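One structure below.
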Amino acid sequence: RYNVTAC
Amino acid sequence: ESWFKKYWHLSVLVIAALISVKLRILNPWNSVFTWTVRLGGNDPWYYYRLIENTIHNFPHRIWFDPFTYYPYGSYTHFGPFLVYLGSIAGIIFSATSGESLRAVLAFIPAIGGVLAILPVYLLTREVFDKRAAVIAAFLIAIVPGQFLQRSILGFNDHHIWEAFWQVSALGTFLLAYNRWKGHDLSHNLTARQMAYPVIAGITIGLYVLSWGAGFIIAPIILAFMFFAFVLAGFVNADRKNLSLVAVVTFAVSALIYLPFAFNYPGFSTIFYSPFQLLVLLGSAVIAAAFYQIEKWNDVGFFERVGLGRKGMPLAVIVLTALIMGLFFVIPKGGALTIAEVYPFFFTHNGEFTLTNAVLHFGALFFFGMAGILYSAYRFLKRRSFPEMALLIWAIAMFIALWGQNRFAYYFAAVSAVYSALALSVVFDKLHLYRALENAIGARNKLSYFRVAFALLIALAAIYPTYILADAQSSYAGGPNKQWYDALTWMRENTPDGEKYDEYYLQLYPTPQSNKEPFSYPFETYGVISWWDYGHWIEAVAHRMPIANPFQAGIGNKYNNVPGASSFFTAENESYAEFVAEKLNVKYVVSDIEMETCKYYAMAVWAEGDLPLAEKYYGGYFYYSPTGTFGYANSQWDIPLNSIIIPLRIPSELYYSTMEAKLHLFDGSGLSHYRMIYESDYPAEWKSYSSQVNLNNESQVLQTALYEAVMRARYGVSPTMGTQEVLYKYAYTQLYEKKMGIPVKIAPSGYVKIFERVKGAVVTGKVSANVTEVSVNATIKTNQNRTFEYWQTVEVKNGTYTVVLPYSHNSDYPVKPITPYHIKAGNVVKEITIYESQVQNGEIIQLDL
Ligand SMILES: [Mg+2]
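Going down the list, the protein sequences come from chains L and Y.
Using our numbering, read the first sequence as starting at 16 and increasing by one per residue.
Using our numbering, read the second sequence as starting at 2 and increasing by one per residue.
In C-alpha cells:
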C-alpha cells in the first residue's frame, strides 16, 4: 500500500 | 477531586499519547531495527537521500536530482519542511549518513503521529465541546489504516505532516475566528489577537512547505467564506473579522511560502513553483474582497439600492463568478496499477463494498458517519457557522477519499473528530458523564442501566479500532534482506564507486528542462529495473536508476519510448538492446516479484491498456477430485468440483520476453547479459531447504504442488517462490515443443543482478553441412546454485558468430565452473574466455 505496484 | 479537576483531560491525553507511542514505536520496533534500520515503503528512502544531501550542503538543499531517472533526471516535489526537519534532527544527534542518519529519521513520522493528538484536540475543541475534544484526541491515537501505517516508526514520509498541518490549520484558523469575533474596536489587533491568524498562516505555510498541493486548503477556507456569505438568511457569523483572519492567514502563509516559491520553471500544482504563491496571495485578496462586500452590506448597500437582503448573496455569486471567470484570462486505469490509488468503497473488480472503510478506520468510520449526520441536523437547527465549516471540510475529505485510496489518512481526522461527537452525545444522554461526575463527586439523578449501555457503545467504537491498529502496526514494510544485501553489494563491487558517492552528495543546478540527457561530470552508467526499486537502488546502492517511484522512467511499447516497461517486456534481444543503449544502461536488477506478480503491471505499462496485456497470460492449474494435475486454457474446460490454483499461468508470449529470459532462465539464452549476483532464495523456500534438496526435479516439484493446493483451499495463491516453480513447470509442458532453454524446475534467488556486456564475438567457418552452432557452459552462482547456460546461432554463408557474455576469470562471484562446450554437427572444442575479450568485445576466430 506504499507506492509499490500491486503485489 | 484534587488532581482530576483540570488534569482529567490532560491525563487522558497522556494516556492517548502513550497508546500512540506503543502502536507507532514499540510495536514495529523489532521490524525496523533489524539487520539495518528498515525505512519502510519507497518514499522514506528518497527523503533519506535528500536529507543526507541537505546535511551535506547545509543550510540549503537541492531541487533537481540527476542521480535518478538516469538519462535525463527528475525534479523534486518533496517539500522542504520534512527535508529540513530531518536535516536539523540529523545534525543535532550527529548522524549525517548511513544507518546513523536513518535511525534518527525513523522517529520523525512516529513523533508526528503522537503530536497529531494536539491539533485533533484543538480543532474539535473550537467547533464543539472540550469533552468531544478529549474523545477525538483519544480516537486519533488508535485510528488504524493508512493514517497509522504511515505514522509508524521507520516511515519518514510527508503524509503524516500532511494531515498534521492540514488539521492544525483548520484549528488555528477557527481559533483565530473565535478569539476575534465580536472584537472589532481596534481590540481586533492589540498586538496579541494578531498572533491567532498569524499562527494560522504559519500552519498553512508549513502545510504547503511540506506538500506541494497543500494550497488546496485555500479553496476550502474560501468555501467557508462563500457559504458564510451566501447563507446570510440562514447562518450567522462575524463576516467582517472572519474575512480579516482569512486575509491575514493567507498573506502570512504566502509570506512564508514565498522563499521556496521559485524551484520549478513554470506553473505546477505539485512541484514548488510560483503557482502556489499566487493561490495563497490570491486567496488573501478574495478574502479582503469578502471584507469590503460585508463593509458595504453594513451600510445597507443592498437595501438602499432596492435589492433586499434576500439578494446580498448574489453579490458574492457575482464576485465568485468573476474572479473564477477571469482567472483563465491572465480514466486510464492501466497506468494506475499502484496500490496507493484505486476507487475507495469499490472492489478491485468493481463492486461497492465497505471493507475498505473498515480496514482503514475500524469502527470510527461508522461512528463518524453518524457524527457527520447528527452534526448536519445539529447545524440545520442551531445554524452554527463553525459546525457548517467543519462539515464542508468533512465533505471535502470524503470527495477526495471517494475517488482515491491514497487519501485515507485525510479522513482519519474526519472520522475521529466526528466519532467523538457521536460518542459525546451518547455519553451525555446515557448518564456516563453523570457517572464520572458523581462516582468521584456528588451523586446525581442517573441510571446505572443507561451507563452500562454507554460503555457498551464505547467498546464497539474502541475495540475494533484498536484491534486493527494493534495488528497493522507489527511490521515495517521496507526492503527485505534479499534486496538490501543485493544493493549494498552493488555499491561495493561495481565500477565508479567513489565517483557516485561523491556525486550522490553534490548540490545540483536547477535546469530549465529535463528533456535533454543530463551533462554528467564523469563516466556514468545506468541501472534499469522496475520503478518500485528506483529509490532503493539510488539511496542504498548509490547508482543511477532509469525507473524511479516518481512515476518516471517507465516508457512504453505502444510509442517506443525507452524505459523499464519497454525493456522488460521486450520479446527479443534486438529490441532489448535498443532501449538499453538509448538509456546508457549497464546493469539490470530483476527480482522474483517482477518475474511473477509485478509482470502484469509491466505488461500494461508497455501496452498502455489492459486487454493488450491479456495476451501475456493464459489459463490455470486445476486439480480434479480424482487428483490429477491439469491445465485448462479457458474456464469451461475446467472439470467440475475441481479446485483451481488462483495463479494466472502466463502464455507462450511471456516465456520469450526480457524479464523471463533474465530471472526465469537465470540469464541463459542471452548474448549480452551475464549474471553477476544472485541473492538468497525467497524466505518461504529457504525454510523448505532444510528437508528437501533443490537440485532434483520431481522432488522440488512434489513439495511445490503441495504448497499450491494446500493454500488454494483458501482464497489465497501460492507464495512468490512457489509461483516461480509453477512457471518453470508449465514451461516444460506448454513450451515443450520449443524448449529453447531446457531449465531445471527449481527455485532461484529472490534478487538477481546482470551486467550488460559487449560480449566475446566468436566467429568462424563450419563444415558447410550443419546449419547451427550450439554453445554451453555450466555456471555457478554466489548461492552455489548450478545451472547451464545455452545459446544457439544459425549458420549463414557457411559461417557462424556467437557472442558469449560470461567470462572465466571475472571478479564477480557468478562465473562458470566448466569451459565453454561449443558444438557444430559433431566437431567440438574446449575454449575458455577471459574478461579481456568479454568487456572489450574482442574478435575471436575459431573454425569447426
Ligand atoms: Mg509519498
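Beta carbons are placed, not taken as given, at the ideal position from N, Cα and C, and that holds for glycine.
Contact check, residue i vs residue j, beta carbons under 8 Å
i      : j      : result
Y/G74  : Y/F82  : no
Y/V199 : Y/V253 : yes
Y/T570 : Y/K587 : no
Y/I373 : Y/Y410 : no
Y/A540 : Y/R62  : no
Y/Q473 : Y/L154 : no
Y/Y751 : Y/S669 : no
Y/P522 : Y/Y504 : yes
Y/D848 : Y/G741 : no
Y/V33  : Y/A477 : yes
Y/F622 : Y/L456 : no
Y/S652 : Y/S625 : no
Y/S718 : Y/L648 : yes
Y/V776 : Y/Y821 : yes
Y/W36  : Y/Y485 : yes
Y/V774 : Y/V744 : no
Y/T772 : Y/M676 : no
Y/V590 : Y/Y655 : no
Y/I650 : Y/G619 : yes
Y/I646 : Y/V701 : no
Y/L281 : Y/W181 : no
Y/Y292 : Y/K241 : yes
Y/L360 : Y/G146 : yes
Y/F346 : Y/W403 : yes
L/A21  : Y/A548 : no
Y/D502 : Y/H543 : yes
Y/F272 : Y/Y76  : yes
Cut-off 8 Å between Cβ atoms - residues of its own chain near residue i, not counting five sequence neighbours on either side
i      : result
Y/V342 : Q405, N406 and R407
Y/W394 : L171, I221 and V415
Y/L447 : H432, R435, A436 and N439
Y/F368 : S416, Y419, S420, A423, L424 and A462
Y/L365 : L140, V144, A413, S416, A417, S420, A462 and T466
Y/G309 : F303
Y/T489 : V541 and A542
Residues near residue i by beta carbon distance below 7 Å, same chain, minus five either side
i                    : result
Y/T321               : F227
Y/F79                : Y47, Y48, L51 and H159
Y/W606               : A336, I555, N557 and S566
residue 1 of chain Y : As displayed, chain Y neither begins before 2 nor continues past 849, which places residue 1 of chain Y out of reach and without an answer.
Y/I834               : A761, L805, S808, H809 and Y821
Y/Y208               : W166, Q167, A170, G215 and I218
Y/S211               : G80, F82, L83, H159, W162, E163 and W166
Y/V693               : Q700, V701 and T704
Own chain partners of residue i with C-beta closer than 6 Å, once the 5 adjacent residues on each side are dropped
i      : result
Y/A134 : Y122, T125 and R126
Y/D44  : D158
Y/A142 : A17, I20, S21 and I118
Nearest-angstrom Cβ-Cβ length linking residue i and residue j, presumed shorter than 8 Å
i      : j      : result
Y/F251 : Y/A285 : 4 Å
Y/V317 : Y/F230 : 5 Å
Y/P72  : Y/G527 : 7 Å
Y/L392 : Y/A377 : 6 Å
Y/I844 : Y/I832 : About 14 Å; that fails the 8 Å criterion.
Y/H673 : Y/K753 : Rounded, the Cβ-Cβ distance is 16 Å, inconsistent with contact.
Y/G202 : Y/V128 : The Cβ separation is near 20 Å, so there is no contact.
Residue i Cβ short of 7 Å to ligand 3 heavy atom set
i      : result
Y/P647 : Judged by which ligands are present, ligand 3 is missing from the structure shown, whose ligands are ligand 1.
Inset, instruction - When you get a sec, list the residues whose CB is within less than 7 Å of any heavy atom of ligand 1, chain order please. - result: L/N18, Y/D44, Y/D158, Y/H159 and Y/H160
Inset, instruction - Taking only beta carbons into account, state which residues of the region 189-218 of chain Y come closer than 9 Å to chain L, listed in chain order. - result: none
Legend entry - Contact set between the region 312-344 of chain Y and chain L, restricted to residues whose Cβ is under 7 Å from the partner: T338, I339, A340 and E341
Inset, instruction - Please name the residues in the region 41-54 of chain Y whose beta-carbon is closer than 7 Å to at least one beta-carbon of chain L, in chain order. - result: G41, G42, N43 and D44
Legend entry - Under 9 Å (Cβ pairs) to chain L, residues found in the region 722-749 of chain Y: none
Legend entry - Interface positions of the region 479-503 of chain Y facing chain L (Cβ-Cβ less than 7 Å), listed along the chain: none
Inset, instruction - Give the residues from the region 595-606 of chain Y that approach chain L closer than 7 Å (Cβ to any Cβ), ordered along the chain. - result: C598, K599 and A602
Legend entry - Residues from the region 541-560 of chain Y in contact with chain L, defined by Cβ distance under 8 Å: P550
Inset, instruction - Could you run through the region 128-149 of chain Y and flag, in chain order, every residue whose CB is less than 8 Å away from some CB of chain L? - result: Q147
Inset, instruction - Taking a Cβ distance cut-off of 7 Å, strictly less, list which residues of the region 624-641 of chain Y are near chain L, in chain order. - result: none
Inset, instruction - Identify each residue in the region 60-73 of chain Y for which the Cβ-Cβ distance to at least one residue of chain L is less than 9 Å, and report them in chain order. - result: none
Legend entry - Where the region 427-455 of chain Y meets chain L: residues whose CB sits under 9 Å from a CB there: none
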